[PDB]
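With compact mmCIF, C-alpha atoms and all ligand atoms inside, this is run_17.txt:
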# COMPACT_ATOMS: atom_id res chain seq x y z
CA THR A 8 -1.65 31.59 2.75
CA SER A 9 -2.29 28.15 1.20
CA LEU A 10 -1.55 24.67 2.55
CA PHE A 11 -0.83 23.57 -1.07
CA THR A 12 2.21 25.84 -1.43
CA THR A 13 4.39 23.62 0.68
CA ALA A 14 2.43 20.37 0.41
CA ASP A 15 4.94 17.48 0.30
CA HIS A 16 3.89 13.80 0.55
CA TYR A 17 7.27 12.93 2.16
CA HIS A 18 6.97 15.73 4.76
CA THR A 19 3.36 15.85 6.02
CA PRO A 20 3.05 17.70 9.38
CA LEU A 21 2.07 15.30 12.19
CA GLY A 22 -0.53 16.20 14.78
CA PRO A 23 -0.58 15.24 18.50
CA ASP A 24 -1.92 11.80 17.75
CA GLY A 25 1.18 11.11 15.65
CA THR A 26 -0.59 10.99 12.28
CA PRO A 27 -0.85 13.45 9.38
CA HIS A 28 -4.64 13.50 9.79
CA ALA A 29 -5.17 16.93 11.30
CA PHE A 30 -3.22 18.24 8.30
CA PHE A 31 -5.17 16.13 5.83
CA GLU A 32 -8.44 17.47 7.31
CA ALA A 33 -7.25 21.10 7.02
CA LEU A 34 -6.11 20.50 3.41
CA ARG A 35 -9.48 18.82 2.67
CA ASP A 36 -11.17 21.98 4.01
CA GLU A 37 -9.16 24.27 1.71
CA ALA A 38 -9.75 21.92 -1.23
CA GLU A 39 -13.50 22.74 -1.11
CA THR A 40 -12.43 26.12 -2.47
CA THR A 41 -9.27 25.19 -4.34
CA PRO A 42 -9.29 21.47 -5.30
CA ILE A 43 -5.94 21.71 -7.10
CA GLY A 44 -2.98 23.81 -5.97
CA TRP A 45 0.66 24.35 -6.87
CA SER A 46 3.34 23.15 -4.45
CA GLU A 47 6.88 24.52 -4.51
CA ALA A 48 8.25 21.13 -3.39
CA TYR A 49 10.31 18.93 -5.78
CA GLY A 50 10.87 21.87 -8.05
CA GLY A 51 7.16 22.70 -8.53
CA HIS A 52 4.20 20.31 -9.13
CA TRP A 53 0.45 20.10 -8.89
CA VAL A 54 -1.34 18.73 -5.86
CA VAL A 55 -4.76 17.36 -6.79
CA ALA A 56 -6.97 17.04 -3.72
CA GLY A 57 -10.68 17.13 -4.65
CA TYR A 58 -12.39 13.77 -5.26
CA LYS A 59 -13.87 14.85 -8.60
CA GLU A 60 -10.59 16.39 -9.70
CA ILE A 61 -8.73 13.13 -8.96
CA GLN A 62 -11.41 11.11 -10.75
CA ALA A 63 -11.05 13.52 -13.71
CA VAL A 64 -7.27 13.12 -13.88
CA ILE A 65 -7.13 9.36 -13.36
CA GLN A 66 -9.72 8.86 -16.08
CA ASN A 67 -7.83 11.06 -18.59
CA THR A 68 -4.97 8.84 -19.69
CA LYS A 69 -4.31 10.85 -22.88
CA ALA A 70 -3.00 13.85 -20.92
CA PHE A 71 -1.87 12.17 -17.67
CA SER A 72 0.66 9.38 -18.08
CA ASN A 73 1.76 6.69 -15.60
CA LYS A 74 5.35 7.38 -16.60
CA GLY A 75 5.12 9.70 -13.58
CA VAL A 76 3.58 7.16 -11.23
CA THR A 77 6.31 7.66 -8.59
CA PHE A 78 7.57 11.15 -7.90
CA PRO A 79 10.31 11.60 -7.11
CA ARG A 80 10.91 8.50 -9.15
CA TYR A 81 11.51 5.31 -7.10
CA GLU A 82 15.00 3.96 -7.29
CA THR A 83 14.85 1.02 -9.72
CA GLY A 84 17.98 1.59 -11.71
CA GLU A 85 17.45 1.16 -15.43
CA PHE A 86 14.25 -0.77 -14.92
CA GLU A 87 10.80 0.78 -15.36
CA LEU A 88 8.03 -0.12 -13.01
CA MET A 89 6.19 -2.99 -14.68
CA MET A 90 2.48 -2.16 -15.35
CA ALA A 91 2.42 0.77 -12.87
CA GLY A 92 4.87 2.82 -14.89
CA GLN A 93 3.27 2.12 -18.28
CA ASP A 94 0.45 3.45 -20.44
CA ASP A 95 -1.67 1.42 -22.83
CA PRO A 96 -1.32 -0.47 -25.06
CA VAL A 97 1.85 -1.74 -23.39
CA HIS A 98 0.35 -1.60 -19.88
CA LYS A 99 -2.61 -3.79 -20.81
CA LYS A 100 -0.48 -6.42 -22.56
CA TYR A 101 1.65 -6.96 -19.45
CA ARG A 102 -1.18 -6.86 -16.92
CA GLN A 103 -3.10 -9.55 -18.79
CA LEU A 104 -0.09 -11.77 -18.06
CA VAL A 105 -0.68 -11.60 -14.30
CA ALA A 106 -4.45 -11.06 -14.14
CA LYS A 107 -5.36 -14.72 -13.48
CA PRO A 108 -2.89 -15.38 -10.59
CA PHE A 109 -4.22 -12.26 -9.04
CA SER A 110 -7.84 -13.06 -9.67
CA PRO A 111 -9.75 -13.35 -6.37
CA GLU A 112 -10.11 -17.00 -7.17
CA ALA A 113 -6.39 -17.51 -7.53
CA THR A 114 -5.44 -15.76 -4.31
CA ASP A 115 -8.29 -17.11 -2.20
CA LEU A 116 -6.48 -20.44 -2.15
CA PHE A 117 -4.11 -18.83 0.31
CA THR A 118 -6.81 -17.64 2.70
CA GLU A 119 -6.53 -20.48 5.27
CA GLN A 120 -2.75 -20.52 4.95
CA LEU A 121 -2.91 -16.81 5.89
CA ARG A 122 -5.03 -17.58 8.94
CA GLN A 123 -2.60 -20.28 10.12
CA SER A 124 0.41 -18.06 9.47
CA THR A 125 -1.18 -15.12 11.32
CA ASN A 126 -1.87 -17.42 14.30
CA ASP A 127 1.68 -18.88 14.18
CA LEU A 128 2.97 -15.29 14.27
CA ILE A 129 0.76 -14.29 17.21
CA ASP A 130 2.04 -17.41 19.02
CA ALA A 131 5.52 -15.91 18.91
CA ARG A 132 4.73 -13.23 21.42
CA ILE A 133 1.37 -13.85 23.02
CA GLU A 134 3.14 -15.23 26.13
CA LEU A 135 5.33 -12.10 26.34
CA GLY A 136 2.62 -9.49 26.96
CA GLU A 137 4.19 -7.07 24.55
CA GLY A 138 5.31 -6.57 20.96
CA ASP A 139 5.64 -4.01 18.17
CA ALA A 140 2.48 -4.82 16.14
CA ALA A 141 4.11 -3.42 13.01
CA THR A 142 7.33 -5.42 12.98
CA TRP A 143 5.92 -8.49 14.63
CA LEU A 144 2.70 -8.81 12.66
CA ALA A 145 1.93 -6.13 10.06
CA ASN A 146 5.32 -6.43 8.27
CA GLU A 147 5.34 -10.22 8.43
CA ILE A 148 1.90 -11.26 7.28
CA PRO A 149 2.16 -9.74 3.80
CA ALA A 150 5.90 -10.33 3.45
CA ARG A 151 5.52 -14.06 4.08
CA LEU A 152 2.58 -14.36 1.73
CA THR A 153 4.24 -12.29 -1.00
CA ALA A 154 7.34 -14.48 -0.65
CA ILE A 155 5.31 -17.66 -1.19
CA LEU A 156 3.54 -16.03 -4.16
CA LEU A 157 6.87 -15.11 -5.82
CA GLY A 158 8.44 -18.46 -4.88
CA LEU A 159 10.83 -16.85 -2.38
CA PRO A 160 11.93 -17.99 1.13
CA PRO A 161 9.22 -16.71 3.59
CA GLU A 162 11.82 -16.30 6.33
CA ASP A 163 13.85 -13.60 4.61
CA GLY A 164 11.44 -10.75 5.18
CA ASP A 165 14.22 -8.57 6.50
CA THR A 166 16.22 -8.69 3.27
CA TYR A 167 13.07 -7.89 1.22
CA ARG A 168 12.17 -4.95 3.46
CA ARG A 169 15.70 -3.59 3.04
CA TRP A 170 15.27 -3.66 -0.77
CA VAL A 171 11.96 -1.76 -0.48
CA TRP A 172 13.52 0.75 1.87
CA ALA A 173 16.19 1.41 -0.76
CA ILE A 174 13.67 1.73 -3.54
CA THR A 175 11.33 4.15 -1.75
CA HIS A 176 13.53 6.10 0.69
CA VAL A 177 17.34 5.84 1.32
CA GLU A 178 18.37 9.36 0.56
CA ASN A 179 21.95 8.59 -0.49
CA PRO A 180 21.81 7.70 -4.25
CA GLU A 181 24.73 5.30 -4.32
CA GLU A 182 23.10 3.56 -1.35
CA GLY A 183 19.57 3.23 -2.70
CA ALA A 184 20.71 2.27 -6.20
CA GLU A 185 23.30 -0.17 -4.85
CA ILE A 186 20.81 -1.91 -2.63
CA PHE A 187 18.26 -1.99 -5.45
CA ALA A 188 21.01 -3.78 -7.48
CA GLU A 189 21.07 -6.42 -4.75
CA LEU A 190 17.39 -7.05 -5.46
CA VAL A 191 18.24 -7.34 -9.14
CA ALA A 192 21.03 -9.85 -8.42
CA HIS A 193 18.56 -11.97 -6.43
CA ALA A 194 15.88 -11.69 -9.07
CA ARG A 195 18.25 -12.94 -11.72
CA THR A 196 19.16 -15.97 -9.60
CA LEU A 197 15.45 -16.70 -8.96
CA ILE A 198 14.57 -16.34 -12.63
CA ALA A 199 17.36 -18.71 -13.73
CA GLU A 200 16.22 -21.25 -11.13
CA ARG A 201 12.55 -21.14 -12.26
CA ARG A 202 13.60 -21.24 -15.88
CA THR A 203 14.91 -24.76 -15.37
CA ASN A 204 12.83 -25.84 -12.35
CA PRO A 205 9.42 -24.16 -12.77
CA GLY A 206 7.02 -24.06 -9.83
CA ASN A 207 3.36 -23.12 -9.30
CA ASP A 208 4.21 -19.55 -8.14
CA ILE A 209 3.57 -16.35 -10.11
CA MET A 210 7.19 -15.79 -11.17
CA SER A 211 7.29 -19.24 -12.78
CA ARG A 212 4.07 -18.40 -14.63
CA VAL A 213 5.24 -15.11 -16.13
CA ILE A 214 8.61 -16.65 -16.98
CA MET A 215 6.82 -19.11 -19.24
CA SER A 216 4.50 -16.49 -20.72
CA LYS A 217 4.79 -14.76 -24.07
CA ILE A 218 3.75 -11.53 -25.78
CA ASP A 219 3.41 -11.62 -29.57
CA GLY A 220 4.51 -15.25 -29.39
CA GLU A 221 7.89 -14.26 -27.92
CA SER A 222 9.21 -14.96 -24.40
CA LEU A 223 9.66 -12.09 -21.93
CA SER A 224 13.14 -10.58 -21.63
CA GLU A 225 15.05 -10.96 -18.35
CA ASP A 226 14.61 -7.18 -17.89
CA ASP A 227 10.79 -7.56 -18.12
CA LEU A 228 10.89 -10.41 -15.60
CA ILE A 229 13.03 -8.42 -13.15
CA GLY A 230 10.40 -5.70 -13.68
CA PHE A 231 7.56 -8.01 -12.64
CA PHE A 232 9.52 -9.37 -9.68
CA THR A 233 10.05 -5.81 -8.56
CA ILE A 234 6.57 -4.31 -8.82
CA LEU A 235 5.01 -7.42 -7.29
CA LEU A 236 7.42 -7.50 -4.30
CA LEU A 237 6.89 -3.75 -3.72
CA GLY A 238 3.15 -3.96 -4.10
CA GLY A 239 2.74 -7.07 -1.97
CA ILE A 240 4.88 -5.86 0.86
CA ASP A 241 5.01 -2.08 1.22
CA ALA A 242 1.60 -0.45 1.35
CA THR A 243 0.09 -3.60 2.82
CA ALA A 244 2.42 -3.51 5.84
CA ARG A 245 1.96 0.23 6.40
CA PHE A 246 -1.87 -0.12 6.15
CA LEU A 247 -2.05 -3.06 8.57
CA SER A 248 0.31 -1.19 10.93
CA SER A 249 -2.01 1.83 10.95
CA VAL A 250 -5.02 -0.44 11.58
CA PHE A 251 -3.36 -2.14 14.62
CA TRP A 252 -2.46 1.29 15.98
CA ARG A 253 -6.06 2.46 15.57
CA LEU A 254 -7.53 -0.67 17.18
CA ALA A 255 -5.03 -0.32 20.09
CA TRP A 256 -6.53 2.94 21.35
CA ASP A 257 -10.01 3.10 19.75
CA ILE A 258 -11.83 0.88 22.19
CA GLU A 259 -15.17 1.71 20.64
CA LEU A 260 -14.21 0.53 17.16
CA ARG A 261 -12.49 -2.48 18.65
CA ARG A 262 -15.47 -3.66 20.70
CA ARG A 263 -17.78 -3.40 17.74
CA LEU A 264 -15.64 -5.57 15.51
CA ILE A 265 -15.43 -8.18 18.25
CA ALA A 266 -19.20 -8.04 18.74
CA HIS A 267 -20.01 -8.04 15.00
CA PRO A 268 -17.40 -10.11 13.20
CA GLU A 269 -19.77 -10.04 10.21
CA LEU A 270 -19.03 -6.31 9.81
CA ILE A 271 -15.26 -6.85 9.45
CA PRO A 272 -15.16 -6.99 5.61
CA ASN A 273 -17.04 -3.71 5.50
CA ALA A 274 -14.84 -2.20 8.20
CA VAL A 275 -11.74 -3.16 6.28
CA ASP A 276 -13.12 -1.15 3.38
CA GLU A 277 -13.81 1.79 5.64
CA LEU A 278 -10.37 1.44 7.18
CA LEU A 279 -8.88 1.37 3.62
CA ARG A 280 -10.71 4.61 2.97
CA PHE A 281 -9.33 6.23 6.17
CA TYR A 282 -5.76 4.86 6.36
CA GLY A 283 -5.07 4.16 2.65
CA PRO A 284 -1.26 4.57 2.43
CA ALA A 285 -1.00 5.65 -1.15
CA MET A 286 -0.50 8.80 -3.15
CA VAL A 287 0.31 8.49 -6.85
CA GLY A 288 1.68 10.78 -9.53
CA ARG A 289 0.89 11.43 -13.17
CA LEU A 290 3.15 13.02 -15.80
CA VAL A 291 1.43 15.68 -17.90
CA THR A 292 1.83 14.85 -21.59
CA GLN A 293 0.00 17.85 -23.17
CA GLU A 294 -1.65 21.09 -22.07
CA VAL A 295 -4.78 20.12 -20.17
CA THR A 296 -7.25 22.04 -18.02
CA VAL A 297 -8.79 20.48 -14.92
CA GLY A 298 -11.04 22.83 -13.00
CA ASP A 299 -9.42 26.27 -12.70
CA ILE A 300 -6.03 24.89 -13.55
CA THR A 301 -4.21 24.42 -16.84
CA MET A 302 -1.26 22.06 -16.62
CA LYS A 303 1.69 22.00 -19.03
CA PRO A 304 3.61 19.11 -20.59
CA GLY A 305 6.41 17.80 -18.45
CA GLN A 306 4.68 18.95 -15.26
CA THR A 307 3.70 16.38 -12.58
CA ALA A 308 0.37 16.07 -10.75
CA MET A 309 0.32 14.20 -7.40
CA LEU A 310 -3.09 12.57 -6.63
CA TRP A 311 -3.63 12.98 -2.87
CA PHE A 312 -6.07 10.12 -2.39
CA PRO A 313 -6.23 10.63 1.40
CA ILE A 314 -7.69 14.11 0.89
CA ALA A 315 -10.17 13.02 -1.73
CA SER A 316 -11.24 10.11 0.54
CA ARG A 317 -12.30 12.81 3.03
CA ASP A 318 -14.24 14.95 0.49
CA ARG A 319 -17.62 15.92 1.91
CA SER A 320 -19.07 15.95 -1.62
CA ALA A 321 -18.34 12.22 -1.90
CA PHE A 322 -18.61 10.91 1.69
CA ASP A 323 -21.04 11.76 4.46
CA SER A 324 -19.30 12.21 7.86
CA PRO A 325 -15.86 11.79 6.17
CA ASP A 326 -13.83 12.20 9.35
CA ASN A 327 -15.52 9.29 11.18
CA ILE A 328 -14.80 5.57 10.70
CA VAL A 329 -18.36 4.43 9.90
CA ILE A 330 -17.91 0.66 9.68
CA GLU A 331 -21.35 0.07 8.11
CA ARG A 332 -20.59 2.59 5.33
CA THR A 333 -21.87 1.45 1.90
CA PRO A 334 -21.26 2.06 -0.97
CA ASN A 335 -17.71 3.17 -0.23
CA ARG A 336 -16.15 4.38 -3.43
CA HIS A 337 -12.86 5.40 -1.89
CA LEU A 338 -9.81 5.95 -4.11
CA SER A 339 -7.31 4.16 -1.85
CA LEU A 340 -6.78 1.34 -4.37
CA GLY A 341 -6.93 3.58 -7.41
CA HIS A 342 -9.45 3.56 -10.23
CA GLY A 343 -9.56 2.80 -13.93
CA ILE A 344 -6.95 0.82 -15.79
CA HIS A 345 -4.30 1.02 -13.03
CA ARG A 346 -6.54 -0.16 -10.23
CA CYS A 347 -4.61 -2.02 -7.65
CA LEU A 348 -3.85 -5.55 -8.88
CA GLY A 349 -3.69 -6.57 -5.23
CA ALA A 350 -7.15 -5.15 -4.31
CA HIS A 351 -8.91 -8.40 -3.35
CA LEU A 352 -5.74 -9.71 -1.71
CA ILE A 353 -5.19 -6.79 0.69
CA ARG A 354 -8.91 -7.06 1.55
CA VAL A 355 -8.46 -10.74 2.47
CA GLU A 356 -5.19 -10.16 4.30
CA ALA A 357 -6.73 -7.38 6.46
CA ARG A 358 -9.90 -9.36 7.05
CA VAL A 359 -7.86 -12.34 8.27
CA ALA A 360 -5.31 -10.31 10.30
CA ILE A 361 -7.96 -8.35 12.14
CA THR A 362 -10.22 -11.35 12.75
CA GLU A 363 -7.50 -13.58 14.18
CA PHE A 364 -5.79 -10.88 16.15
CA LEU A 365 -8.94 -9.71 17.91
CA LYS A 366 -9.90 -13.36 18.47
CA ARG A 367 -6.54 -14.08 20.10
CA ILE A 368 -5.76 -10.78 21.86
CA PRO A 369 -9.06 -8.90 22.49
CA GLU A 370 -7.50 -6.70 25.11
CA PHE A 371 -4.44 -4.54 24.41
CA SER A 372 -3.29 -0.91 24.27
CA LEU A 373 -0.40 1.24 23.11
CA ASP A 374 2.76 0.81 25.17
CA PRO A 375 2.98 3.86 27.43
CA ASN A 376 6.77 3.60 27.52
CA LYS A 377 7.68 3.18 23.83
CA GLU A 378 6.92 5.45 20.87
CA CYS A 379 4.91 4.94 17.73
CA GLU A 380 6.40 6.29 14.53
CA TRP A 381 4.66 7.20 11.23
CA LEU A 382 6.44 6.74 7.93
CA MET A 383 5.73 9.37 5.25
CA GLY A 384 6.10 9.19 1.48
CA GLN A 385 4.00 7.87 -1.39
CA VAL A 386 3.13 4.92 0.90
CA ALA A 387 2.40 6.26 4.39
CA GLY A 388 1.40 4.66 7.65
CA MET A 389 2.64 3.58 11.09
CA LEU A 390 6.13 2.09 11.02
CA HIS A 391 6.24 1.19 14.76
CA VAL A 392 3.28 0.33 16.96
CA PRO A 393 4.46 -0.84 20.39
CA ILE A 394 1.57 -2.47 22.28
CA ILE A 395 1.02 -4.35 25.55
CA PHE A 396 -1.63 -6.92 26.43
CA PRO A 397 -2.34 -9.52 29.15
CA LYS A 398 -0.08 -12.56 28.61
CA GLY A 399 -1.84 -15.29 26.66
CA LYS A 400 -1.37 -18.87 25.52
CA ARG A 401 0.10 -20.19 22.23
CA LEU A 402 -2.16 -22.33 20.03
CA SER A 403 0.79 -24.39 18.80
CA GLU A 404 4.48 -25.08 19.39
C1 LIG B 1 -2.84 -1.48 1.37
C2 LIG B 1 -2.46 -2.12 0.22
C3 LIG B 1 -2.36 -1.49 -1.05
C4 LIG B 1 -2.67 -0.22 -1.47
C5 LIG B 1 -3.28 0.95 -0.63
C6 LIG B 1 -2.34 -0.17 -2.94
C7 LIG B 1 -2.62 0.92 -3.75
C8 LIG B 1 -2.47 0.91 -5.14
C9 LIG B 1 -2.83 2.01 -6.00
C10 LIG B 1 -3.28 3.38 -5.52
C11 LIG B 1 -2.62 1.59 -7.30
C12 LIG B 1 -2.89 2.37 -8.61
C13 LIG B 1 -1.75 3.28 -8.93
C14 LIG B 1 -2.09 4.21 -10.09
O1 LIG B 1 -3.21 4.72 -10.14
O2 LIG B 1 -1.25 4.44 -10.94
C15 LIG B 1 -2.03 0.29 -7.18
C16 LIG B 1 -1.41 -0.35 -8.24
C17 LIG B 1 -0.82 -1.58 -8.19
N1 LIG B 1 -0.81 -2.37 -7.05
FE1 LIG B 1 -1.48 -1.92 -5.22
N2 LIG B 1 -1.84 -1.32 -3.36
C18 LIG B 1 -1.77 -2.12 -2.23
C19 LIG B 1 -1.42 -3.46 -2.22
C20 LIG B 1 -1.12 -4.23 -3.32
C21 LIG B 1 -0.76 -5.68 -3.25
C22 LIG B 1 -1.13 -6.63 -2.12
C23 LIG B 1 -0.15 -5.89 -4.42
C24 LIG B 1 0.72 -6.92 -4.68
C25 LIG B 1 0.41 -7.76 -5.64
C26 LIG B 1 -0.27 -4.69 -5.24
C27 LIG B 1 0.06 -4.61 -6.63
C28 LIG B 1 -0.20 -3.52 -7.45
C29 LIG B 1 0.07 -3.49 -8.87
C30 LIG B 1 0.86 -4.58 -9.56
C31 LIG B 1 -0.32 -2.32 -9.35
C32 LIG B 1 -0.11 -1.78 -10.79
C33 LIG B 1 -1.47 -1.85 -11.45
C34 LIG B 1 -1.48 -1.27 -12.87
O3 LIG B 1 -0.73 -0.34 -13.17
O4 LIG B 1 -2.26 -1.77 -13.71
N3 LIG B 1 -0.89 -3.69 -4.55
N4 LIG B 1 -2.02 -0.13 -5.87
Target encoding structure tokens, full file:
Amino acid sequence: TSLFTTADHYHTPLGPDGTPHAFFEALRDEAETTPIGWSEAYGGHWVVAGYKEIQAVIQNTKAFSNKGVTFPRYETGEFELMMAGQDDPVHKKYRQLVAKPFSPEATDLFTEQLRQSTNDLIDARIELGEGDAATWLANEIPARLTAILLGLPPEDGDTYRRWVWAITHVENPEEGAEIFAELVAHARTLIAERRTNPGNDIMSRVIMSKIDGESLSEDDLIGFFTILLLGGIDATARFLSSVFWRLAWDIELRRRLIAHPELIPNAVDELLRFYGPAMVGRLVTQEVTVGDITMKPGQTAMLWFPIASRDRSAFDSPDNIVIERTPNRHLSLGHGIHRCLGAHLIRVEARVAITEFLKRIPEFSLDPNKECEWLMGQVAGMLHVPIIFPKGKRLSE
């Protein structure tokens, strides 16, 4: 039988370590024979697993549209996902609006603020000898930075996370769509505020932008607010969560990063290749053949980046975290026109989070009396990472 037949990104079998990795490795093995397979989940769709097959699809925008970027579609009411859910020429026009603020140069001005914030966060529990690395640190670092970027209150991470939960999971329609509406209500308030009292944040910038000389509609602005809050907060928190979990038990990886801080940027890349949370969809717009498979219009193809990132044709020793790996052309941040807008930013956030955490708490391990939990979906990673460590001292407060 085939692992593709029941492949489902929201229901990936977990191995004894609590991750979907044993399954990903088995699927990677089958993909060497069958790089694309049909899954009966979600009414029938294609699962693209080979690295070259994903390349092939992602590069063919004529036949594979981003109208199917999320599948099943994320709950955003009547709003489309800004940039992510569009094809050119529309997609390019909107992305040029936010390209500067997201340029490495524009985000790098937050680097030291990130370091300080990460250290202030660690201070909150270093004296306690225990904490859930995901909720205490991984969820907070990107949520607080994203907040500041969008001109939102850094302290309300919990309300933002609830909106994301609704958008990506919450199985009850009414629920998910009603909570997404709460995000919309808040966006509208924020937009009206910035309209009169502009700031230096990204929302203020797009609010004052124009396409074809005309100002953006409130719907377009809510669209930007949404995709940026989701991007900045979801995958980033699940990726950092998975990295803290890995460093909690992998004493070998951990000691090397402490001994060779200079290898951290490279390691972050390798860790992005191994724990990349994302899987993305494409809507088929015309008959197209990729490998042995011919897809039909209206069908959906899911790009299983985690499998391709383990393709022996593209990576030597794919199942090992080789921190000195270079070049590392993983597909965790996409490729082509939809590349992740937040690529440099997640790299800096991880670099900073890892560096300061290991500097502050070099010794720690998973809590033997509390459970870890892995969230599945289009953005997958550890949701809870209870750890313990010797009690330490705050830097401030
Ligand atoms: C671990 C962190 C992250 C991962 C693994 C990730 C992954 C991705 C992937 C796979 C794409 C391309 C989707 C496609 O091919 O259609 C993408 C798109 C996008 N990401 Fe990220 N992302 C992450 C963090 C971020 C951050 C920090 C932001 C917040 C600004 C962000 C903003 C976006 C945007 C706006 C797009 C749409 C790009 C376009 O369609 O042109 N991402 N991301």
Can you list, as a compact mmCIF listing (two decimals) with C-alpha atoms, keeping the file's coordinate frame, every protein, DNA or RNA residue that comes within 8 Å of stretch 210-224 of chain A when you count only C-alpha atoms, leaving out same-chain residues fewer than 4 positions away?
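Output (out.txt):
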# COMPACT_ATOMS: atom_id res chain seq x y z
CA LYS A 100 -0.48 -6.42 -22.56
CA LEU A 104 -0.09 -11.77 -18.06
CA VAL A 105 -0.68 -11.60 -14.30
CA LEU A 156 3.54 -16.03 -4.16
CA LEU A 157 6.87 -15.11 -5.82
CA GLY A 158 8.44 -18.46 -4.88
CA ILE A 198 14.57 -16.34 -12.63
CA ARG A 201 12.55 -21.14 -12.26
CA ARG A 202 13.60 -21.24 -15.88
CA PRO A 205 9.42 -24.16 -12.77
CA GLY A 206 7.02 -24.06 -9.83
CA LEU A 228 10.89 -10.41 -15.60
CA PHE A 231 7.56 -8.01 -12.64
CA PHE A 232 9.52 -9.37 -9.68
- request: Kindly work out which residues sit at most 8 Å from ligand LIG 1 (chain B), using all atoms listed in the file, and give the list as a ChimeraX atom specification.
  value: /A:65,73,76,89-93,98-99,102,109,149,153,234-247,279,283-289,312,338-350,352-353,386
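Atom CA of residue A:309 is found 14.4 Å from atom CA of residue A:387.
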Give me the box for stretch 243-248 of chain A as AutoDock Vina command-line options, namely the centre and edge lengths in Å to one decimal of a box along x, y and z that holds every listed atom plus 5 Å on each side.
--center_x 0.2 --center_y -1.7 --center_z 6.9 --size_x 14.5 --size_y 13.8 --size_z 18.1
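Straight-line separation from atom CA of residue A:145 to atom CA of residue A:31: 23.7 Å.
Checking A:324, A:333, A:307, A:13 one by one against residue A:55, counting only C-alpha atoms, you find the shortest gap at A:307.
Straight-line separation from atom CA of residue A:36 to atom CA of residue A:10: 10.1 Å.
With all atoms listed in the file as the basis for measurement, A:44 is the residue among A:44, A:183, A:138, A:22 that approaches residue A:299 most closely.
Proximity to residue A:118 was assessed for A:356, A:95, A:24, A:259 counting all atoms listed in the file; the smallest distance is recorded for A:356.
The nearest approach to residue A:110 among the residues A:191, A:310, A:88, A:209, with only C-alpha atoms taken into account, belongs to A:209.
Using only C-alpha atoms, the shortest contact distance between residue A:185 and any of A:84, A:271, A:354, A:368 is found at A:84.
The nearest approach to residue A:248 among the residues A:78, A:371, A:143, A:187, with all atoms listed in the file taken into account, belongs to A:143.
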message: Give me, as an MDAnalysis selection string, all polymer residues having an atom no more than 8 Å from residue A:14, counting only C-alpha atoms and skipping those fewer than 4 positions away in the same chain.
response: chainID A and resid 10 18:19 46:48 54
query: So which residues fall inside 12 Å of (17.9, -7.4, -7.4) if we count only C-alpha atoms? Mind giving them as a VMD selection string?
result: chain A and resid 82 to 86 166 to 167 169 to 171 173 to 174 183 to 198 225 to 226 228 to 234 236
task: Excluding residue A:155 and any residue of its chain fewer than 3 positions from it, enumerate the residues within 10 Å of it, using all atoms listed in the file, and give them as a PyMOL selection string.
output: chain A and resi 117+149-152+158-161+207-209
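Protein and nucleic acid residues near (-8.8, 22.9, -11.8) are residues 38, 39, 40, 41, 42, 43, 44, 45, 53, 54, 55, 56, 57, 58, 59, 60, 61, 63, 64, 295, 296, 297, 298, 299, 300, 301, 302 and 308 of chain A, the criterion being any atom at most 12 Å away using all atoms listed in the file.
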What would the file look like if the residues just selected were written as a PDB file, in the frame of the given file with C-alpha atoms?
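Result file is part_38.pdb:
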ATOM      1  CA  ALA A  38      -9.750  21.920  -1.230  1.00  0.00           C
ATOM      2  CA  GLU A  39     -13.500  22.740  -1.110  1.00  0.00           C
ATOM      3  CA  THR A  40     -12.430  26.120  -2.470  1.00  0.00           C
ATOM      4  CA  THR A  41      -9.270  25.190  -4.340  1.00  0.00           C
ATOM      5  CA  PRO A  42      -9.290  21.470  -5.300  1.00  0.00           C
ATOM      6  CA  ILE A  43      -5.940  21.710  -7.100  1.00  0.00           C
ATOM      7  CA  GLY A  44      -2.980  23.810  -5.970  1.00  0.00           C
ATOM      8  CA  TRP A  45       0.660  24.350  -6.870  1.00  0.00           C
ATOM      9  CA  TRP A  53       0.450  20.100  -8.890  1.00  0.00           C
ATOM     10  CA  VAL A  54      -1.340  18.730  -5.860  1.00  0.00           C
ATOM     11  CA  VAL A  55      -4.760  17.360  -6.790  1.00  0.00           C
ATOM     12  CA  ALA A  56      -6.970  17.040  -3.720  1.00  0.00           C
ATOM     13  CA  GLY A  57     -10.680  17.130  -4.650  1.00  0.00           C
ATOM     14  CA  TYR A  58     -12.390  13.770  -5.260  1.00  0.00           C
ATOM     15  CA  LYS A  59     -13.870  14.850  -8.600  1.00  0.00           C
ATOM     16  CA  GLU A  60     -10.590  16.390  -9.700  1.00  0.00           C
ATOM     17  CA  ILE A  61      -8.730  13.130  -8.960  1.00  0.00           C
ATOM     18  CA  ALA A  63     -11.050  13.520 -13.710  1.00  0.00           C
ATOM     19  CA  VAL A  64      -7.270  13.120 -13.880  1.00  0.00           C
ATOM     20  CA  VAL A 295      -4.780  20.120 -20.170  1.00  0.00           C
ATOM     21  CA  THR A 296      -7.250  22.040 -18.020  1.00  0.00           C
ATOM     22  CA  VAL A 297      -8.790  20.480 -14.920  1.00  0.00           C
ATOM     23  CA  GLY A 298     -11.040  22.830 -13.000  1.00  0.00           C
ATOM     24  CA  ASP A 299      -9.420  26.270 -12.700  1.00  0.00           C
ATOM     25  CA  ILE A 300      -6.030  24.890 -13.550  1.00  0.00           C
ATOM     26  CA  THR A 301      -4.210  24.420 -16.840  1.00  0.00           C
ATOM     27  CA  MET A 302      -1.260  22.060 -16.620  1.00  0.00           C
ATOM     28  CA  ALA A 308       0.370  16.070 -10.750  1.00  0.00           C
TER      29      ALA A 308
END
